[PDB]
Structure formats: structure tokens, C-alpha cells
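Below is one structure, written out as C-alpha cells; comments come after it.
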Amino acid sequence: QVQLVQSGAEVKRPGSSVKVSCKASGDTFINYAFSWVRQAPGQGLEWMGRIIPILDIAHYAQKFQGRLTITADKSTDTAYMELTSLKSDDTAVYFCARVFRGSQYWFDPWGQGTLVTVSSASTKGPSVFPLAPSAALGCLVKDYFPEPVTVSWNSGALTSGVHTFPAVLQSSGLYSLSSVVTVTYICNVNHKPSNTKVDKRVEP
Amino acid sequence: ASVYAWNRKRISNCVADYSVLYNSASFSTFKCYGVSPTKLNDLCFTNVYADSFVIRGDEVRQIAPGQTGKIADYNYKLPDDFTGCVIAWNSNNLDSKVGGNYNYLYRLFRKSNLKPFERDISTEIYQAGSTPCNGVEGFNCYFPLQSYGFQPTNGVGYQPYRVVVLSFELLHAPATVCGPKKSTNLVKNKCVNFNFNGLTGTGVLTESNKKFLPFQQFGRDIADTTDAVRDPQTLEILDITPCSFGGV
Amino acid sequence: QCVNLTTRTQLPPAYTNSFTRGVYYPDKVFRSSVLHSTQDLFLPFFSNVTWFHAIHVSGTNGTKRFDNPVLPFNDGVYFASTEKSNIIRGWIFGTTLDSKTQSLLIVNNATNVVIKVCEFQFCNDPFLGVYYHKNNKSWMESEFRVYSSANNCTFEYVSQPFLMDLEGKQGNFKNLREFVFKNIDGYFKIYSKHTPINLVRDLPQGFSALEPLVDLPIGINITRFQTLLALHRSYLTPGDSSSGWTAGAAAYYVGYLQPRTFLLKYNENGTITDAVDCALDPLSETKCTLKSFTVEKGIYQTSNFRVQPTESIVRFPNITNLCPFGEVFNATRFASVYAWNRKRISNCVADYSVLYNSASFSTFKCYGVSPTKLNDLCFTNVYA
Amino acid sequence: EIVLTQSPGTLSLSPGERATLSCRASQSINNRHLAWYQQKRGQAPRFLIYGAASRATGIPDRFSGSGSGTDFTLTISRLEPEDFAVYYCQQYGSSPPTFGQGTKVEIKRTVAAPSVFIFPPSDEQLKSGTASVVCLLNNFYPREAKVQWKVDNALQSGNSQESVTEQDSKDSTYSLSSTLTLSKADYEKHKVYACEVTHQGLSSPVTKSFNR
Ligand SMILES: *[C@@H]1O[C@H](CO)[C@@H](O)[C@H](O)[C@H]1NC(C)=O
Ligand SMILES: *[C@@H]1O[C@H](CO)[C@@H](O)[C@H](O)[C@H]1NC(C)=O
Ligand SMILES: *[C@@H]1O[C@H](CO)[C@@H](O)[C@H](O)[C@H]1NC(C)=O
Ligand SMILES: *[C@@H]1O[C@H](CO)[C@@H](O)[C@H](O)[C@H]1NC(C)=O
Ligand SMILES: *[C@@H]1O[C@H](CO)[C@@H](O)[C@H](O)[C@H]1NC(C)=O
């Protein structure tokens, strides 16, 4: 019934501002307030602020008074959240919540979250490497910023023990993953945001 | 503004005309309480007010001395001795947008009643039943304010009606809010029908030998009768002796 | 700025008696040779007022006392000032005085009398002061440290430029300035009556009517007020900026107004000369019921005596014949929406409180009557 | 009042046994104002219990919580396989809403040793300066891993500080990767290269390693 549809991922630039929406539905927009809560990777949740559509009052947190501006249009039933002067450590999943119109409230209805990455990089990233062993074989990628990458071994045929590891930025800044499967030999790497869906053969 | 946060406007030190508003043919209701819709341009008041709020059509009748209900007991209450004129008119042309205008609120729930001429902008959670709400909103815990939802496609009882409530007040203090009256010449030594700032009557206006204090303007006698006043224009003391009368 | 004064000797507050004080003009109508009775906010006769003082010459640690506390403003304050060197030169009115609401300011410097109604951030100890010099025998007033901030104003009103004395004088006090502050009908009425006297302590007795002074239409919430004094800081007694300050010699009395009935007498020239205060003693009650000031020998019926009810008792028959609410709610098997059952339970004393305050029913939408007051509505026959 | 700390942190429990999640608060919550959530992998948190006593809309009776002043406890009786996510706490008795850390409940199975595999650089690896030697630790039950990639004479990190985590797989197993990032400068001439794994259950299983 009550579905809080949000926007998608926003590839923004460092030192700028973003604007994430929250499409409210189900019930009336004026009988329920809305709060935004961010989630840093593996660091719990963090309450940023809350707005009252019926009262047009938006009281933020002590660490967001000045940079957080949350609005809400009572005509399209959409809650907006804008953050100015974004730092590098703002790659959190911003969630939308339909809180009550009281002083104390609980975040019962949630949304879907938006993984907005502020610190960004360039394009033309990954380049598959063979990594020939001397009992398994994998197609390793390196130095790609755009998150939505897919490394399907053998075009999705030998997907038995791939276990694609979560792409994490070790020391470069552009996170990378590795799909290593047990022992044709040509894998299939396809970058959805970019236009370089090249492949490579590995000789175990 | 809203009904629960009506704006009070103080009017003083000016000349106010009311005939141009009654004959404007735009105000729907022009009900006067304590005074008449006419014969008001010849009177002078001491301190009047001007309230402004927007209610619906079916609640315009509740803005009156003695009327009770929801908008007249929790948002704006008028006293039983209200001496003024209620002015309201339909405004379904700029206060009702497409989809619904939610910029007007009214207090729906309240613990006690509302004393006349009182403003309350508190937004605490109304504790209904017996369970303490403690700030949360849930069962037996309703929000005190509610939106109207003014839509242009509604009946005559669901359209915005801007209401202006003038609260006249006549006291013995120096009156400021006067009417459009032409000041004549002060005639003395003859029983004539005088017309002061609100103390009318007939009598022989002569010169008095008493001492009016700088703050005193009117005067009275041992039998609660006005026998001396102070001129509005000048600073002379005019003793009001009664007109000549007797028996035959 | 704020300067927290130190080196102040502590002393419990003293209390004096206001012998027939606080009577002002109730209205603005001239009346002569009449005994009109009024019922307004006056000061009761022989009332227990609070006495403040600042007398200290040298001592060992002295009797340092700078009485500027936060005092309540219930319905009006009868402010008297028996001074000789113009110590009390302003007041402060408000409710919180934390730069969060509208407040008054009645400061009286040596140039003007500022009555601005801006929103100030008042310190914990607002004060004024003069600066006496040794090379020059003048009195330079440059210690105006009352407020620090200046937010929105309501009614800013400056006064005409003058030259106040602000000199130090020793001897008997000869300046009695009474003030009756009151905030009713949105007007902050101020009264004043300056009367010379020759007294140093135990403020004299006598009748003195206070004429109105101003009718400032501010209409703000006034709950707590604080007096403003001026210290006579000089180079004779050195020290720190908050320790070397030297106080003068003054004393101000604070009172409270209560709704009382009076029988004030107007003179032949139209001035109040006496009052009866028909709430103090049966003698005054009789003097007012007889509409005079001199009673005769006899018995006079003044009022009536009625014992007021203390408690309240409500009695009703026993609550029996409970309606079978457990059958319709706590049932083994219910019917479908198609063949919905019917139950016209009537002739019963049903309590709808066990169903409202149950925390089990999800929805309790009461279409029609309110969710409450259902225990005060006697119906003929209800259905389920 | 503004501080919430999870006592368990992690809980390796078998499906069927009762669970106990605690949330310690600095000050005392007056009207037991605490709420519990459940955030699955790549999903939004799910509201479970309001007031730490009663479920909100349709949460089964298996999720129960106690009421206290400074320390609340959640009792997930008869734990099901689908109830394996991260649970959070939220105290709504103060002005700023504060959350907790999060307790992840995983599947408890038999302890299994990993299988070490080292991938030496390929042909086009020592010329581009992107040596990405991977040490694969697959099918190991204790996710606590202290793999010490001996890239030099000592157990230094150097250019191997990936620490790639994993997730709860279908067969309750986990896989860890240890890739390198150094160019053709350190690997071209060094002391020794042997992926050593100080895994919980063994001492130092080294298999298929090439020195220098
Ligand atoms: C005022 O009250 C004090 C005690 O608070 C008492 O000692 C004093 O005699 C009183 N003064 C009167 C009644 O005039
Ligand atoms: C005046 O009022 C405004 C808002 O009405 C407020 O922001 C400001 O601080 C006030 N004071 C001054 C000096 O502007
Ligand atoms: C004035 O302020 C005080 C401060 O607590 C408050 O108790 C009182 O109710 C206020 N009065 C009005 C009329 O708002
Ligand atoms: C009243 O005024 C007269 C002047 O006409 C004066 O002689 C008399 O003393 C006054 N009365 C009093 C009590 O001052
Ligand atoms: C039904 O039973 C419950 C518990 O036994 C009780 O609380 C409730 O009051 C009962 N219903 C009625 C209508 O009495």
C-alpha cells in the first residue's frame, strides 16, 4: 500500500550538491511527516533531519544545521533532500522514511535507498588480466570507478564457483573485484555504465 | 494567516471611515454587534482591532457572540459582550489552488475551551483516552491541527471565506479612532444639541471655574451625571449645564 | 557586556509596612465632593512589603548590598524609591529575559529616558553607574552595561534631552518617588507621584494619590521584573572592575496589587485625599456600607456569612445488568460477510470503556459520535 | 539516551535455537522508547517492535523484547533460516534519534579448512606494472581470517591491504581473496613470496607457492 519510491544512484562530483527525491504514495502526504536517514558502509545508520509537511517546519541535526535543506512538495507528494558542500566521506545510502507528526517517532515505513557517491573518478577503466597460475582461473579487473560492473565467467556458463568478491578500493581509489572460478577459457566482462564490454582468455 | 494563528492589528491615532466598506457590495456578510451598520461615521472610538483569518463557508455563522462549535471554541472565541462588526466574503478565486490548498489549518482537538480573544499556537500531541502519548502519535493520540483542503470544485460550504473581525471599544480615555465628521464652531451661552467625541446630549455649554487635571478629559457629578467636559480642539473647560425646563 | 559584581555581603531580606499607600486614580473622569466606590487593582492597606537597602559606608568588609533581583509580577507592583542621589534610574520587565521573547526597558540615563521595547539579552546582574573623578569634580556616567544585544523592537520612544544631577549627597533622604506599574487591557500603565519628605528609614505614613503618567500599548507577557540601580564608582575606593565598585545610599520598596474595593474620597478641587479599603477590618466594612467616613453608635448589617462547600459527593445505584459484550467480541466462531449476523442488545448498563482502552483493537473508527463521551449517551437499543 | 552499543556484535547460531540481542544505553529511557529493526543484504530495514514490547503490524510472536530502564534485550525464539540479517536499535525517547551498531546472525555449520591457491603474474603482467597476484581462500567456515601475505622477508602489508570481505553464502561457506597492487618493481626482485594463512583451525598451511 504505502510505497516510498526513491531515485537512482547519482554519480556526482566532489564539492557539489545533490538532490534525492522520495515519491510518497498509499496515504495522504499531509498526515505523515518524512525523515531522511543515511547509512555509511558498515557504519550503522545516521539520522540527518526531518520535515513536517503540514507545518512546513524542518529541524535538522546539530551536525547538519547549515548544509542540510530538506523540502517537500504537497502537490506531487515528493520529499526532496539537498546537501550543499559535500565532502569525500558522503558515500552513504540515503533512505526515505515516513515518520509520524510528533516529537517522538519511529521509522516504520522505509524506502529503497540511494547509493550516491560524491568522490568520483574518470572513465575508461577496467582492463582484464589473465593471471595464469602455475587449480583455478579468473578474470581480474583493475581501476574502474563505475560500480555497476558484471564479470560473468564463460558468458554465464561456468558459474559454479565464481563467488564474485565485493569490489573494494584497496589503495588506488577505483575499487575492483575478482571472479575466480575452478577449472572454454574466455570469460565475459561487460561494463554497463561504460561502453567497453571486452573479454579476455585465461590459460591455467 | 490560519484560524489558530490569526493576526491582530491595532488601529489608533487615525480617522476611520466605514461607509465605504458597507456600500462596497463585495462583502457577503456585514453583521454588526452592539453597533449598527449605519450611524457609525459620526462616532469616535478609543482602541479598535482588526483580526484576519480564513474559514470555510459553513463556519462563518459560528463567528458570532454566543455561537459555539468547533471553530468557535478551539480556534477563535468571541465574547458575549462583543461590540463590533463581523466582515466576511467569499474568496474562492486566490485561496484555492488546483489539487487542494493545504496552507490553512484549524485546531481540531483541545483539552479545555478557549477564552475570548486568546491565541494558542501550541502543537502538542492531544492525549486522548488514558494512555500517555509522551510525544508519540498513535492510538488515542491525534494531531491538534488539521488541513482544510480548499478545492475550487466544491460547494458553497467548503470554499475559503476571509473574515475580518473589528473589535470596537469606547472608553473615557481620549478617543483616537474618530469618524468623518465636520467640526463646527463652539457656540456657548445657549441650550444647543452638542455632539462631542461620543458624549451626546443637550445643554447650555458655559465656562467653568474648575481645574481639570492634565490627564482628565471628561467630568461627572455626585449623581453620576456629566456636567463638564474638555474641548477636543482647544483646551478650554466647558461646563454642561442642563437645558431650561420645568412645570406648567 | 556583562560584569558579574563580587564582594557583596549577604543579608536576609527585610519587610516593612505600607501604611495607606498605593492609592491611585482608577479612571480619567473629574469628580469633586463625592465618595465614589471603585473595585480595581490597588495595594491593600497595612500590607507586608519587601524592603531593600544598600547602606554601607566603610565597615570592615562593609554591608555591600546591590539589590537587583528577579521578582514576580503577578498583577502589578507598587514601587517606591526613598533615595537622595538618584540611584534607581530604570527598570526591566519581561517573562524570561533570555532574548527569546519581547521585553520592556525603562532605563533612565543622564540624557534621555529610553522606553524602547527591543528584545534584549539581559545579564544576570544588569546595572548602571557613574564615574567620579579627582582631577575634575564632575560625574561622568559611562557604565551603561544593561543589555548586550538589540533584536526587533515594538515601540521605541526616546525622551527630551535634559541634564540629570547624578551627584553624591549625604544626609536625610528627601526624594520619595512612588510608582504603580500595571499591565491590563494590553496597556502598560505607569503612575508617579513625587513628594518631598524628611526621613532616613522606616518610610513615612500618609496618603498621596498617584496621577497617571503613560499608557504604553505594548501588550506583552510580563511575569518577572528587575530593578536597575547605579553605583557610585570612583577612584577613592580602588579595586577590580567588578570588586572596586562603590555603592551609594538608597532604599526601594516592592509591593503587589490585589483586587480590592475602595471608597476613595474626592476633595473640593477634584483630588483623592482618603480611602477606606473595605476589605481590612469590619470598621472599614461598615464605613463603606454606610457610604461615609464617620460611623455612629449602633449596629449595622454589613455583609452575610455563608459556609462554602468543601468536597463533592456523587451517588448512583450499583452497576449491574452488564451487557453481553463478551458474546459478540469473544466468540468461538464468527459469521461471514455474506450472512452477517445481527444482535440487538438492549436493556443493559453497557460500559464502552473496556473496549476503548484495551490496546487490542487495531482500528476504533467512531463514525458519528466522538470516540469519547460514549459513557454519557443513553440509547434505546444498540446493534452489533 | 544518545548512545547505543550492541553487546553481541556477532552471533553464529543454528536455525532453531533462541537468540538474545542486547542494546545498552548510556542514560535511562523513560517510557521504554526503543525500537528494533532488521536490514537484510541490500535492502531497507524492517520495523519489528515498537516500545520494545509489542509488534507493530504483522511481526510474528517469535520476536519478543523485554522492558527495562537502561538495558533492553530482544528474544528471537525459534530462529528460522530466513531471519538471518542485521538487527539495529533505535531510541526515540530523546530529541535526536540515535541508532545502534548492528548484530549479524550467520549460519552455524561444521568448521572447514580453506584451500590456498597463488596465481603468479601472467605474461602481460610484469611489463605493465599491475602485478595482481591473488591468494584465494575458498570454503572456510570461520570468517575470522588473518592471512599474512609474506611479500617480503617479514609479514608486512606493503601493496597487499585489500582485506576483501564476503557474505553468507548458500552453503554457509565463505571465500576470501588476497590480491596485490605493486608494479614490476618489488615483485621483480624481493626476498620471498608465499601466502601464509593463520586460519582458525590450522597453524600455517602453505600450498602452491613460488619463491621470488
Ligand atoms: C511581615 O512578615 C514577617 C514575616 O515574614 C513578620 O515578621 C512581620 O511582622 C510582618 N509585618 C507586618 C505584618 O506588618
Ligand atoms: C528581527 O526579526 C528577524 C525575523 O523577523 C530575526 O531574524 C532577527 O534576528 C531580528 N533582529 C534583528 C536585529 O534583525
Ligand atoms: C507568560 O510566560 C510565563 C513563563 O512561564 C508563562 O507561565 C505564562 O503562561 C505566560 N502567559 C501568557 C499569557 O502567555
Ligand atoms: C483648591 O484651589 C483653590 C484655588 O481656587 C486653592 O485656594 C485651594 O487651596 C485648593 N485646595 C487645596 C486643598 O489645595
Ligand atoms: C475478551 O477477553 C479478553 C481476555 O480474556 C478481555 O480482555 C476482553 O475484555 C474480553 N472482551 C469483552 C468484550 O469483555
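We name chains A, B, ... following the order of the C-alpha cells; residues begin at 1 in each chain, and ligands are numbered from 1 as shown.
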
For the contact check between chain C and ligand 5, emit one row per residue of chain C within 12 Å, containing the shortest atom pair and the distance in Å rounded to one decimal, counting only C-alpha atoms and all ligand atoms, chain then rising number order, as CSV.
residue,atom,partner,partner_atom_place_in_ligand_line,distance
C:322,CA,ligand 5,14 (O),10.2
C:323,CA,ligand 5,13 (C),9.2
C:324,CA,ligand 5,13 (C),7.5
C:325,CA,ligand 5,13 (C),4.3
C:326,CA,ligand 5,13 (C),3.9
C:327,CA,ligand 5,13 (C),7.2
C:328,CA,ligand 5,13 (C),7.3
C:329,CA,ligand 5,13 (C),5.2
C:330,CA,ligand 5,1 (C),4.9
C:331,CA,ligand 5,1 (C),8.6
C:332,CA,ligand 5,1 (C),11.1
C:350,CA,ligand 5,13 (C),10.3
C:351,CA,ligand 5,13 (C),9.8
C:352,CA,ligand 5,13 (C),9.2
C:353,CA,ligand 5,9 (O),9.9
C:354,CA,ligand 5,9 (O),6.1
C:355,CA,ligand 5,13 (C),6.6
C:356,CA,ligand 5,9 (O),10.2
C:357,CA,ligand 5,9 (O),9.8
C:358,CA,ligand 5,7 (O),7.0
C:359,CA,ligand 5,7 (O),9.4
C:360,CA,ligand 5,7 (O),8.2
C:361,CA,ligand 5,8 (C),10.2
C:384,CA,ligand 5,13 (C),12.0

Using only C-alpha atoms, determine which residues of chain D fall within 10 Å of chain B; present them as a PDB file with C-alpha atoms, in the first residue's frame.
ATOM      1  CA  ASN D  30      11.867   6.979  30.459  1.00  0.00           C
ATOM      2  CA  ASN D  31       8.892   5.371  28.680  1.00  0.00           C
ATOM      3  CA  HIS D  33      11.127   4.200  23.967  1.00  0.00           C
ATOM      4  CA  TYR D  92      13.071   7.577  20.324  1.00  0.00           C
ATOM      5  CA  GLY D  93      12.872   8.901  23.888  1.00  0.00           C
TER       6      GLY D  93
END

Within 6 Å of ligand 3 (only C-alpha atoms and all ligand atoms), residues as a PyMOL selection string = chain C and resi 95+221+223

Written file, previous selection with N, CA, C and O atoms, as a PDB file, in the first residue's frame:
ATOM      1  N   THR C  95       9.247  38.248  30.898  1.00  0.00           N
ATOM      2  CA  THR C  95       8.888  36.939  31.430  1.00  0.00           C
ATOM      3  C   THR C  95      10.090  36.020  31.584  1.00  0.00           C
ATOM      4  O   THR C  95      10.238  35.375  32.630  1.00  0.00           O
ATOM      5  N   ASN C 221       3.612  39.699  27.482  1.00  0.00           N
ATOM      6  CA  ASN C 221       3.513  38.844  28.660  1.00  0.00           C
ATOM      7  C   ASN C 221       4.582  39.262  29.663  1.00  0.00           C
ATOM      8  O   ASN C 221       5.780  39.097  29.411  1.00  0.00           O
ATOM      9  N   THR C 223       5.883  38.731  33.513  1.00  0.00           N
ATOM     10  CA  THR C 223       5.813  37.858  34.680  1.00  0.00           C
ATOM     11  C   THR C 223       6.878  38.172  35.720  1.00  0.00           C
ATOM     12  O   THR C 223       6.602  38.085  36.919  1.00  0.00           O
TER      13      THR C 223
END

Write down as an MDAnalysis selection string the residues of stretch 10-76 of chain D whose backbone DSSP state falls under strand (DSSP E).
-> chainID D and resid 10:13 19:25 35:39 46:50 54:55 63:65 71:76

Within 10 Å of residue D:176, counting only C-alpha atoms, which residues show up once you throw out same-chain ones fewer than 2 positions away? Write them as a list in words, please.
-> residues 163 and 165 of chain A; 114, 134, 135, 136, 137, 138, 139, 140, 143, 145, 147, 163, 164, 165, 166, 167, 174, 178 and 179 of chain D

Could you please take those selected residues and save N, CA and C atoms as a JSON list (two decimals), in the first residue's frame?
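again-v9.json written:
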[["chain", "number", "residue", "atom", "x", "y", "z"],
["A", 163, "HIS", "N", 31.83, -16.90, -7.24],
["A", 163, "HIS", "CA", 31.81, -16.16, -5.98],
["A", 163, "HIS", "C", 32.48, -14.79, -6.13],
["A", 165, "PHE", "N", 33.73, -11.46, -5.62],
["A", 165, "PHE", "CA", 34.00, -10.75, -4.38],
["A", 165, "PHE", "C", 33.49, -9.31, -4.47],
["D", 114, "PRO", "N", 40.30, -23.91, 4.53],
["D", 114, "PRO", "CA", 40.30, -23.36, 3.17],
["D", 114, "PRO", "C", 41.29, -24.10, 2.28],
["D", 134, "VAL", "N", 46.84, -13.11, -6.72],
["D", 134, "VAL", "CA", 45.68, -13.34, -5.87],
["D", 134, "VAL", "C", 45.90, -14.62, -5.06],
["D", 135, "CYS", "N", 45.63, -14.55, -3.76],
["D", 135, "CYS", "CA", 45.65, -15.71, -2.88],
["D", 135, "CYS", "C", 44.21, -16.03, -2.51],
["D", 136, "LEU", "N", 43.67, -17.11, -3.07],
["D", 136, "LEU", "CA", 42.27, -17.46, -2.92],
["D", 136, "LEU", "C", 42.09, -18.37, -1.71],
["D", 137, "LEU", "N", 41.26, -17.94, -0.76],
["D", 137, "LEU", "CA", 40.91, -18.75, 0.41],
["D", 137, "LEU", "C", 39.42, -19.04, 0.34],
["D", 138, "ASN", "N", 39.09, -20.18, -0.26],
["D", 138, "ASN", "CA", 37.71, -20.56, -0.53],
["D", 138, "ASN", "C", 37.26, -21.69, 0.38],
["D", 139, "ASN", "N", 35.97, -21.68, 0.72],
["D", 139, "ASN", "CA", 35.32, -22.72, 1.53],
["D", 139, "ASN", "C", 36.00, -22.86, 2.89],
["D", 140, "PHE", "N", 35.91, -21.78, 3.67],
["D", 140, "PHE", "CA", 36.40, -21.75, 5.04],
["D", 140, "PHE", "C", 35.28, -21.22, 5.93],
["D", 143, "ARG", "N", 34.96, -16.99, 9.39],
["D", 143, "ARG", "CA", 35.18, -15.81, 8.57],
["D", 143, "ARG", "C", 36.28, -14.92, 9.15],
["D", 145, "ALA", "N", 39.71, -14.16, 9.53],
["D", 145, "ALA", "CA", 40.89, -14.54, 8.78],
["D", 145, "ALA", "C", 42.00, -13.53, 9.01],
["D", 147, "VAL", "N", 45.13, -13.68, 7.18],
["D", 147, "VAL", "CA", 46.07, -14.07, 6.13],
["D", 147, "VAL", "C", 47.23, -13.09, 6.11],
["D", 163, "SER", "N", 41.94, -6.86, 2.05],
["D", 163, "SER", "CA", 41.04, -7.31, 3.11],
["D", 163, "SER", "C", 39.60, -7.42, 2.59],
["D", 164, "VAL", "N", 39.46, -8.07, 1.44],
["D", 164, "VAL", "CA", 38.15, -8.21, 0.80],
["D", 164, "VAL", "C", 37.27, -9.11, 1.66],
["D", 165, "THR", "N", 36.15, -8.57, 2.13],
["D", 165, "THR", "CA", 35.22, -9.32, 2.96],
["D", 165, "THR", "C", 34.36, -10.22, 2.07],
["D", 166, "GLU", "N", 33.35, -10.86, 2.66],
["D", 166, "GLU", "CA", 32.46, -11.75, 1.94],
["D", 166, "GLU", "C", 31.07, -11.65, 2.55],
["D", 167, "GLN", "N", 30.19, -12.56, 2.16],
["D", 167, "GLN", "CA", 28.82, -12.59, 2.65],
["D", 167, "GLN", "C", 28.43, -14.03, 2.95],
["D", 174, "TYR", "N", 32.32, -19.35, 3.13],
["D", 174, "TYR", "CA", 32.82, -18.03, 2.78],
["D", 174, "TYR", "C", 34.08, -18.17, 1.93],
["D", 178, "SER", "N", 43.06, -12.30, -1.69],
["D", 178, "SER", "CA", 44.22, -11.52, -1.29],
["D", 178, "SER", "C", 45.01, -11.15, -2.55],
["D", 179, "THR", "N", 44.67, -10.01, -3.14],
["D", 179, "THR", "CA", 45.31, -9.55, -4.36],
["D", 179, "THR", "C", 46.39, -8.51, -4.05]]

For residue B:169: contacts at 7 Å, only C-alpha atoms, fewer than 3 positions along chain excluded, given as a ChimeraX atom specification | /B:45-48

When you get a sec, could you note down which chain B residues fall within 9 Å of chain C, using only C-alpha atoms, as a list in words?
-> residues 128, 129, 130, 131, 139, 140, 172, 173, 210, 211, 212, 213, 215, 216, 217, 218, 219, 220, 221, 222, 223, 228 and 229 of chain B

Name each residue within 7 Å of ligand 1, counting only C-alpha atoms and all ligand atoms, as a list in words.
->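 My answer, listing the contacting residues, is residues 15, 16, 17, 46, 47 and 48 of chain C.
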
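Environment of ligand 2, defined as every protein or nucleic acid residue with an atom within 10 Å of it and counting only C-alpha atoms and all ligand atoms, comprises residues 118, 119, 120, 149, 150, 151, 152 and 153 of chain C.
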
Let me see the file: selected residues, N, CA and C atoms, as a PDB file, in the first residue's frame.
ATOM      1  N   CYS C 118      12.726  46.766  22.489  1.00  0.00           N
ATOM      2  CA  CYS C 118      13.511  45.790  21.750  1.00  0.00           C
ATOM      3  C   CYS C 118      13.699  44.518  22.573  1.00  0.00           C
ATOM      4  N   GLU C 119      14.115  43.456  21.889  1.00  0.00           N
ATOM      5  CA  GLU C 119      14.351  42.158  22.517  1.00  0.00           C
ATOM      6  C   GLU C 119      15.825  42.080  22.896  1.00  0.00           C
ATOM      7  N   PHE C 120      16.112  42.218  24.186  1.00  0.00           N
ATOM      8  CA  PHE C 120      17.479  42.269  24.684  1.00  0.00           C
ATOM      9  C   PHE C 120      17.886  40.943  25.314  1.00  0.00           C
ATOM     10  N   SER C 149      22.630  42.759  23.376  1.00  0.00           N
ATOM     11  CA  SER C 149      22.062  42.546  22.054  1.00  0.00           C
ATOM     12  C   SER C 149      20.899  43.499  21.814  1.00  0.00           C
ATOM     13  N   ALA C 150      20.523  43.632  20.540  1.00  0.00           N
ATOM     14  CA  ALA C 150      19.419  44.503  20.126  1.00  0.00           C
ATOM     15  C   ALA C 150      18.667  43.800  18.997  1.00  0.00           C
ATOM     16  N   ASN C 151      17.626  43.061  19.364  1.00  0.00           N
ATOM     17  CA  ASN C 151      16.769  42.385  18.400  1.00  0.00           C
ATOM     18  C   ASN C 151      15.595  43.303  18.046  1.00  0.00           C
ATOM     19  N   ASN C 152      14.574  42.757  17.381  1.00  0.00           N
ATOM     20  CA  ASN C 152      13.446  43.553  16.910  1.00  0.00           C
ATOM     21  C   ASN C 152      12.801  44.334  18.050  1.00  0.00           C
ATOM     22  N   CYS C 153      12.328  45.535  17.731  1.00  0.00           N
ATOM     23  CA  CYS C 153      11.674  46.422  18.680  1.00  0.00           C
ATOM     24  C   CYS C 153      10.168  46.421  18.449  1.00  0.00           C
TER      25      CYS C 153
END

Check: which chain D residues lie within 12 Å of chain C using only C-alpha atoms, as a list in words =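 Residues passing the distance filter: residues 54, 55, 56, 57 and 58 of chain D.
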
Pick the closest to chain B from A:74, A:50, A:63, A:13: which is it, counting only C-alpha atoms?
-> A:74

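Atom CA of residue B:8 is found 11.7 Å from atom CA of residue B:76.
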